[PDB]
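To keep things clear, I will list the structure first and then write my remarks on it.
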Amino acid sequence: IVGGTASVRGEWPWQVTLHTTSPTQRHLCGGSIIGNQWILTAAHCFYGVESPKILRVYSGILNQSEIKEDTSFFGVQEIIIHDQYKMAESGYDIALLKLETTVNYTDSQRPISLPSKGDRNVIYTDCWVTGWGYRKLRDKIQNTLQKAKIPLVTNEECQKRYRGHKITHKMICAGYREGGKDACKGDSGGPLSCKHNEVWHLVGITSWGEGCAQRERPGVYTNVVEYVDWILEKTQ
Ligand SMILES: CC(C)C[C@@H](NC1CCCCC1)C(=O)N1CC(F)(F)C[C@H]1C(=O)NCc1ccc2c(N)nccc2c1
């Protein structure tokens with residue numbers, strides 16, 4: 001996250017850190033808890049991932065430095081990538097991880113609600129992006145989970161900013177006209193979380209953007225509402 005601030009423990013309980021362990025352990029991407037056995041993340045996170053065997057899901061993490069060799073993690077049974085997925089920028093940037101066990105929900109591990117039936121035309125004005133990504137181009141993964149509030153921009157506006165890409169109704173964009181606050185490399189797969197009637201909803205999945213916090217270049221997110229039928233198909 002660019003232009004963000006540190007979170008405090010327990011603040012974003014659906015946030016997970018997805019680690020790879022090949023060739024060595026490191027944070028690969030964010031994700032969100034959407035069910036007891038289910039994490040929603042981005043398809044592009046899996047590019048160099050040989051199989052589910054090398055992955056580890058950590059919940060309840062504030063600082064990456066907390067994760068030690070005795071820190072409990074959830075194994076991944078299955079990575080379900082959308083059948084039409086090809087590359088982040090061409091859309092369908094959505095994956096489910098089916099975990100090897102069911103999370104017992106606690107204060108530090110909670111689900112985030114999908115966008116609700118009946119809420120398709122709701123205007124979300126309290127959206128937040130979270131993760132351990134870069135604070136600049138050519139940075140590193142950050143220790144403390146970062147947060148930044150970011151306004152949604154219309155698809156029309158987003159297309160005018162990305163005239164070399166096909167922005168579709170299955171994407172949603174978010175950013176300030178002057179930049180300064182944005183998601184970045186390593187925030188991939190984490191939530192764009194929006195609070196409506198005091199209930200949080202997973203509105204976006206961090207996907208791609210041109211640079212990070214560059215002016216007039218918003219973040220482009222997977223528009224979760226348009227995949228709710230696909231999610232429910234795979235999770236039932
Ligand atoms: C060629 C470009 C059109 C896209 C390209 N630009 C990044 C910028 C940072 C250094 C690495 C390359 C891009 O995003 N990605 C390349 C890819 F498809 F392999 C994966 C994807 C990526 O890095 N996802 C993370 C990301 C980056 C910038 C973001 C951002 N600025 N806002 C919200 C969300 C943002 C999320």
Side-chain angles (χ1 to χ4, degrees), residues 1-9 11-20 26-32 40-45 47 58 61-67 87-89 91 93-94 112 124-155 157-165 167 171-195 200-224:
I1 310 295
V2 175
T5 189
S7 311
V8 306
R9 192 162 305 279
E11 193 170 356
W12 306 104
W14 56 89
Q15 181 77 62
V16 300
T17 176
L18 175 58
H19 278 216
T20 190
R26 65 180 178 88
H27 167 87
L28 179 72
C29 281
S32 300
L40 201 73
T41 185
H44 80 257
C45 288
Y47 179 56
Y58 296 93
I61 301 316
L62 178 58
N63 290 157
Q64 290 285 332
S65 56
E66 298 163 25
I67 301 166
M87 70 180 269
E89 301 103 315
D93 192 9
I94 197 171
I112 186 170
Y124 296 107
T125 56
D126 193 12
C127 303
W128 289 77
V129 74
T130 48
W132 293 269
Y134 287 16
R135 311 201 253 64
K136 58 187 183 167
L137 286 179
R138 302 182 164 97
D139 200 19
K140 48 164 179 148
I141 296 303
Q142 302 298 117
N143 192 49
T144 309
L145 180 56
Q146 295 293 116
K147 73 192 184 180
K149 185 169 177 176
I150 302 159
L152 301 180
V153 307
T154 63
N155 275 39
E157 187 188 349
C158 193
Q159 183 60 92
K160 291 180 168 169
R161 302 323 191 183
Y162 286 113
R163 298 180 347 127
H165 293 99
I167 300 300
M171 301 170 182
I172 188 183
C173 300
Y176 297 88
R177 200 161 279 92
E178 289 307 331
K181 280 184 205 204
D182 210 352
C184 203
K185 177 155 172 193
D187 297 318
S188 291
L192 175 65
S193 299
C194 303
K195 192 165 80 154
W200 285 98
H201 297 275
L202 188 59
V203 164
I205 305 161
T206 302
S207 188
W208 66 278
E210 181 185 306
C212 293
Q214 187 182 143
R215 50 168 255 104
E216 299 169 333
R217 297 284 184 275
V220 183
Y221 300 77
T222 302
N223 195 9
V224 172

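Note that the numbering runs from 1 along the sequence shown for the chain. Computed over heavy atoms, backbone and side chain alike; hydrogens, waters and symmetry mates excluded.
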For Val203 and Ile172: C-alpha separation, side-chain torsions, deciding distance, then whether side chain to side chain contact (heavy atoms under 4.5 Å, CB included) applies.
CA-CA 9 Å; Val203 164; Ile172 188 183; 3.6 Å; yes
Nearest heavy-atom pair of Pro191 and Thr130: which atoms, and what distance?
CG-OG1, 3.4 Å
For the residue pair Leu137 and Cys212, what are the closest heavy atoms and their distance?
CD2-SG, 4.5 Å
Quick check for you: to the nearest 0.5 Å, what is the distance between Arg135 atom CZ and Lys140 atom NZ?
7.5 Å
To the nearest 0.5 angstrom, please state how far the CG atom of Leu62 sits from the CD atom of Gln15.
11.0 Å
Whether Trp128 and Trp12 hold their rings parallel, tilted or perpendicular, with breakpoints at 30° and 60°:
tilted
Please determine whether side chain to side chain contact (heavy atoms under 4.5 Å, CB included) holds for the pair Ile141 and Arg26, giving the CA-CA distance in whole Å, both sets of side-chain angles, and the decisive distance to 0.1 Å.
CA-CA 9 Å; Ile141 296 303; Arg26 65 180 178 88; over 6 Å; no
Side chains of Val2 and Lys136 in contact at under 4.5 Å (non-hydrogen atoms)
no
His165/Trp208 aromatic ring centres below 6.0 Å
yes
Does the pair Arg177 and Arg161 meet the rule for a side chain to side chain contact (heavy atoms under 4.5 Å, CB included), with working shown?
CA-CA 10 Å; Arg177 200 161 279 92; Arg161 302 323 191 183; 3.7 Å; yes
Go through the steps for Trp132 and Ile61 under the test side chain to side chain contact (heavy atoms under 4.5 Å, CB included), then give the verdict.
CA-CA 11 Å; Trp132 293 269; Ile61 301 316; 3.9 Å; yes
Sequence neighbours left out, what passes side-chain contact (heavy atoms from CB on, under 4.5 Å) with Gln159? Give chain and number order.
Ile167
